[PDB]
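Novice: Supplied in structure tokens, the structure appears directly below.
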Amino acid sequence: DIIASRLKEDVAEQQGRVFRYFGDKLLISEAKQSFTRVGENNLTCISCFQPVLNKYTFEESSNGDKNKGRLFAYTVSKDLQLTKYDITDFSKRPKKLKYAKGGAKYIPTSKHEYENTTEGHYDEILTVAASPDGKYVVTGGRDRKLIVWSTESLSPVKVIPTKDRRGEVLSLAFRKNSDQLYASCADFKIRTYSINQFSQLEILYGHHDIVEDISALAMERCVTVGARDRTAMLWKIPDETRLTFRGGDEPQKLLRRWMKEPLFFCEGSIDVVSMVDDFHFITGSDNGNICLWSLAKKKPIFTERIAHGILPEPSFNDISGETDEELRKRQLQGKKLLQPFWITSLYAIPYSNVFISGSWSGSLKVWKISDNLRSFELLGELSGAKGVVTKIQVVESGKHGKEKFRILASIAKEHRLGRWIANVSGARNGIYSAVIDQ
Amino acid sequence: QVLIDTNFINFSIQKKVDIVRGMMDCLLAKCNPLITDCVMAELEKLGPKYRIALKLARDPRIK
Amino acid sequence: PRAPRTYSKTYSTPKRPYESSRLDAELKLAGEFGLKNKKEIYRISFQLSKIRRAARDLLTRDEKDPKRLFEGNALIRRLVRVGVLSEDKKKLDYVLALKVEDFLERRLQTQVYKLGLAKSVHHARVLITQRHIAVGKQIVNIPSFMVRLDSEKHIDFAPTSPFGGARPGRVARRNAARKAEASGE
Amino acid sequence: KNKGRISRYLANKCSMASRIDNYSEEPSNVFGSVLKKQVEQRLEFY
Amino acid sequence: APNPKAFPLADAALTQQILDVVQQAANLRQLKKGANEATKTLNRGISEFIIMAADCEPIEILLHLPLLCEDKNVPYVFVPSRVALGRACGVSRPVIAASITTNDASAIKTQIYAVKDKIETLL
Ligand SMILES: [Zn+2]
């Protein structure tokens with residue numbers, strides 16, 4: 001029964017609904033936390049490559065055998081620094097292996113921007129992805145180029161100029177174990193790419209404002225959140241369709257439903273999405289309201305409040321500048337100033353029912369989905385981050401029975417998009433290792 | 001906003017066109033009819049044979 | 001040995017086509033929005049007259065009558081899709097109160113000039129007919145496109161143009177050839 | 001040029017100081033201290 | 001008995017609507033950002049309306065404007081987050097005061113007039 005169950009898992013892992021619900025056996029209490037500070041600042045990204053023994057054929061995911069299935073990583077910062085890291089030593093910390101940098105020496109002498117074809121990075125790398133075969137590491141940034149490095153020698157070998165005057169590379173998601181890639185740019189566009197032939201398959205238009213965040217799986221259905229216009233859309237390549245999904249929620253009706261028995265902030269924006277299996281996805285808005293959605297309906301399945309906390313309120317002198325204390329705090333004016341926190345980073349574990357929401361709010365808060373597939377709850381916290389947590393991945397290792405999980409995250413001092421960081425307390429630039437068990 | 005006069009009211013009733021609906025018919029959009037006090041007095045001083053036209057032209061849709 | 005093929009004159013004609021008021025009207029409109037034809041103006045105004053007349057009669061009809069209600073919501077939904085009627089004045093009085101200048105605004109090239117990719121209406125016209133602007137995927141070249149909201153947020157350049165994209169066009173690449181010629185001869 | 005940069009800066013700071021001490025009834029010399037110490041900090045910049 | 005001098009602040013709804021209109025103005029060049037530029041714009045007379053925040057350190061830097069706005073009968077509204085205002089402005093830093101300038105040649109002119117009407121109602 002054990003071998004039949006394991007093989008049915010290893011075969012039906014690619015299809016079906018949510019299968020993995022491993023929140024219970026996890027020992028969240030002693031999830032060990034460590035932070036490594038990096039000297040230079042503005043770390044956009046780190047991203048890992050897990051070399052998986054594919055259940056189809058058992059060779060390895062490595063391109064040679066020098067890897068031996070060792071877990072890879074790449075950390076990039078807006079000083080344009082790409083440094084390949086090793087993350088396979090689980091008691092220990094990640095390792096700074098290979099270093100490459102970009103400066104002001106790659107700006108095009110010819111401003112035509114068609115042939116933007118200098119090999120290196122001159123303008124503000126903002127996103128990176130490790131190939132899930134480890135075949136390349138792909139880089140996009142404000143340079144509006146997709147520079148693909150061979151990872152080991154850290155060599156820029158091929159370039160895809162995204163042929164745009166404004167199409168700065170914003171968000172990137174690798175489709176799971178394929179050779180397609182998902183880029184999403186703020187010219188209201190999502191690009192579908194390929195590196196196996198170094199080609200650009202498809203162009204997708206359709207949000208009103210600039211799209212923000214994207215997710216996908218091994219299937220060809222990418223969900224994208226575009227922010228101020230309050231919309232997500234799921235984009236299905238093979239049939240060439242786009243299903244639109246909206247909110248537009250009303251704090252007026254929220255406070256009146258509370259009166260029919262609190263703090264309600266209207267949705268000014270959307271930030272994040274994560275498709276946690278191929279029928280259900282989470283969307284993070286700006287006023288804290290986190291929304292889980294099932295595919296068929298247009299409305300979310302659930303919308304939750306202040307989750308990352310609300311922000312505290314400033315003080316008398318640095319709001320008013322007047323000597324008299326009571327006039328100072330009547331200029332603080334009470335609750336007519338307050339603010340709920342934001343959701344910058346949110347990692348969904350692949351083909352699972354859990355997701356980890358973390359920011360500069362000082363505490364990663366982790367959530368689990370009930371197996372009737374109709375709600376999620378705030379289970380737990382991790383606290384080893386001191387800095388605004390930009391980009392999270394997870395590497396799991398061990399045997400099938402008792403797994404060791406690693407939340408590995410890039411952490412900067414400044415926000416993902418702008419600076420905007422409301423003078424955070426307790427912040428440093430680096431890499432965040434969070435090792436949980438079972 | 002239209003201004004109605006005594007000849008207009010006369011020929012309106014002699015050809016049986018109701019006022020506001022005939023106005024919408026002509027103008028294809030929304031319009032309001034106005035008469036002036038001098039015009040009302042003109043119809044009045046025309047007098048007793050046209051009192052029915054007077055009772056028509058005095059209608060609280062005409063401000 | 002078939003049916004008669006479908007056809008119909010898609011415009012109407014004014015009753016007094018020579019008059020100072022109507023003439024200066026057509027002058028001021030066509031000059032402000034960069035047109036050339038009485039045909040264009042009269043056709044827009046004819047379609048407006050069709051809309052407005054049908055809406056007029058269906059407003060004369062009685063309330064709580066599903067004919068009036070359903071047809072009115074049909075025309076209001078068509079007009080809010082186009083964008084020329086606002087979201088909050090969704091009433092038969094306001095489809096009546098609508099007029100020509102709103103449609104002359106919501107014409108495509110007008111939006112190009114207002115958004116200011118080119119600094120003249122005539123620059124916008126020659127740009128659209130020289131094929132440089134696209135909303136989304138297809139590159140339009142008919143400057144009477146009647147752009148809605150769902151695209152007016154998406155009017156963009158051509159990423160195959162040498163304006164917002166690729167290798168130099170005909171004259172710039174010839175001048176490139178002849179500066180290379182002046183370099184090598 | 002350079003002393004022009006310094007004076008442009010302290011002029012901006014003085015504008016903020018004038019507006020606060022105009023509309024505010026009684027002053028914030030802690031923020032005055034912030035502004036003057038920032039002035040000396042931009043001075044140690046250039 | 002007297003109000004805080006950032007009179008008046010708006011609903012969350014009017015805040016959402018104002019942030020969208022100022023973002024589209026940031027797109028179409030007709031938004032100018034910053035209190036200094038707001039003051040110069042009021043002196044030139046080319047300012048249509050004024051957004052202000054009510055949270056900066058302190059608020060008299062922003063409070064100098066109501067005199068000019070009432071001087072030329074210009075509508076001026078209040079929003080409680082300078083960082084949300086900066087996010088609307090599409091800039092690297094929170095902004096405390098923003099001006100929507102004058103052009104009759106606009107794409108969002110009607111929406112500008114609509115929100116201005118809303119301001120004049122709530123005044
Ligand atoms: Zn009179």
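Identifiers in this document derive from the order of the structure tokens: chains are assigned A, B, ..., residues are numbered from 1 separately in each chain, and ligands are numbered from 1 in order of occurrence.
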When the cut-off is 8 Å and we count only C-alpha atoms, which residues of chain C are near chain E, given as a tab-separated table (two decimals) with N, CA and C atoms, in the first residue's frame?

Specialist:
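Output saved as out.tsv:
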chain	number	residue	atom	x	y	z
C	111	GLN	N	-8.08	61.18	-29.30
C	111	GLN	CA	-7.47	60.69	-28.07
C	111	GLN	C	-5.96	60.63	-28.20
C	114	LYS	N	-4.89	64.26	-27.62
C	114	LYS	CA	-5.07	64.67	-26.23
C	114	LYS	C	-4.04	64.02	-25.33
C	115	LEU	N	-3.77	62.74	-25.56
C	115	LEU	CA	-2.75	62.08	-24.76
C	115	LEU	C	-1.36	62.57	-25.12

Novice: Around ligand 1, at most 10 Å away and counting only C-alpha atoms and all ligand atoms, which residues are there? Put them as an MDAnalysis selection string, please.

Specialist: chainID B and resid 35:42

Novice: Pick out each residue of range 173-394 of chain A that DSSP on the backbone tags as strand (DSSP E); I need them as a ChimeraX atom specification.

Specialist: /A:173-174,180-185,189-194,199-205,211-215,221-226,231-236,241-246,270-277,280-285,290-294,302-304,310-311,339-340,345-348,354-358,364-369,376-382,388-394

Novice: Please, which residues of chain E lie no more than 6 Å from chain A when the count uses only C-alpha atoms, and can they be set out as a PyMOL selection string?

Specialist: chain E and resi 4+57-58+80+92-93

Novice: Grab the residues selected above and save them as a PDB file, in the first residue's frame with C-alpha atoms.

Specialist:
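Just written: result.pdb:
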ATOM      1  CA  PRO E   4      -7.566  71.141  13.325  1.00  0.00           C
ATOM      2  CA  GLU E  57       6.416  66.177  10.042  1.00  0.00           C
ATOM      3  CA  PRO E  58       4.909  68.684  10.995  1.00  0.00           C
ATOM      4  CA  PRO E  80      -4.372  61.150   5.536  1.00  0.00           C
ATOM      5  CA  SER E  92      10.295  57.184  -4.900  1.00  0.00           C
ATOM      6  CA  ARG E  93       9.202  59.055  -1.775  1.00  0.00           C
TER       7      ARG E  93
END

Novice: Within range 3-56 of chain E, find each residue whose DSSP state, derived from the backbone, is helix (DSSP H, G or I), and express the selection as a PyMOL selection string.

Specialist: chain E and resi 12-27+35-44

Novice: Give me a file of those residues, with C-alpha atoms, as a compact mmCIF listing (two decimals), in the first residue's frame.

Specialist:
# COMPACT_ATOMS: atom_id res chain seq x y z
CA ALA E 12 -12.06 56.71 2.16
CA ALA E 13 -14.17 56.64 -1.01
CA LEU E 14 -13.22 60.16 -2.06
CA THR E 15 -9.65 59.26 -1.16
CA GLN E 16 -9.72 56.27 -3.54
CA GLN E 17 -11.21 58.32 -6.35
CA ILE E 18 -8.75 61.19 -5.86
CA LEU E 19 -5.80 58.83 -5.84
CA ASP E 20 -6.88 57.31 -9.16
CA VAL E 21 -7.33 60.71 -10.79
CA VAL E 22 -3.94 61.93 -9.58
CA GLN E 23 -2.31 58.74 -10.83
CA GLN E 24 -3.75 59.27 -14.28
CA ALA E 25 -2.56 62.85 -14.09
CA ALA E 26 0.91 61.54 -13.26
CA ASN E 27 0.65 59.50 -16.41
CA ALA E 35 4.56 72.03 -2.20
CA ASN E 36 7.09 74.43 -3.69
CA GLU E 37 5.80 73.78 -7.18
CA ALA E 38 2.26 74.08 -5.83
CA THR E 39 3.06 77.56 -4.55
CA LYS E 40 4.64 78.67 -7.83
CA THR E 41 1.71 77.16 -9.71
CA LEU E 42 -0.76 79.14 -7.64
CA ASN E 43 1.24 82.31 -8.34
CA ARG E 44 1.20 81.61 -12.07

Novice: Would you kindly report the residues of chain C within 7 Å of chain A, using only C-alpha atoms, as a PyMOL selection string?

Specialist: chain C and resi 136+153+159+164-167

Novice: Please provide as a tab-separated table (two decimals) with N, CA, C and O atoms, in the first residue's frame all residues within 8 Å of residue 34 in chain A, with the sequence filter that same-chain residues fewer than 6 positions apart are discarded (counting only C-alpha atoms).

Specialist:
chain	number	residue	atom	x	y	z
A	93	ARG	N	24.60	27.64	7.00
A	93	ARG	CA	24.02	28.76	6.28
A	93	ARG	C	24.35	28.66	4.80
A	93	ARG	O	25.18	27.85	4.40
A	384	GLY	N	12.96	35.90	12.33
A	384	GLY	CA	14.38	36.13	12.19
A	384	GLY	C	14.77	37.13	11.13
A	384	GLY	O	15.96	37.23	10.81
A	385	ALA	N	13.81	37.84	10.57
A	385	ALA	CA	14.08	38.81	9.53
A	385	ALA	C	14.19	40.20	10.14
A	385	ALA	O	13.34	40.61	10.94
A	432	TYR	N	17.82	35.44	4.16
A	432	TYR	CA	17.02	34.99	5.28
A	432	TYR	C	16.82	33.49	5.18
A	432	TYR	O	16.13	33.03	4.26
A	433	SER	N	17.42	32.74	6.09
A	433	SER	CA	17.28	31.29	6.16
A	433	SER	C	16.35	30.91	7.30
A	433	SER	O	16.61	31.21	8.47
A	434	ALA	N	15.28	30.21	6.96
A	434	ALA	CA	14.29	29.81	7.95
A	434	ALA	C	14.04	28.32	7.77
A	434	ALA	O	13.40	27.90	6.80

Novice: Can you work out which residues from chain D touch chain A at a cut-off of 8 Å (counting only C-alpha atoms) and hand them back as a list in words?

Specialist: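 Result, ordered by chain then number: residues 20, 24, 25, 26, 27, 28 and 31 of chain D.
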
Novice: What are the residues of chain D lining chain E at 9 Å or less? Count only C-alpha atoms, and put the answer as a list in words.

Specialist: residues 15, 16, 17, 18, 19, 20, 21, 22, 23 and 24 of chain D
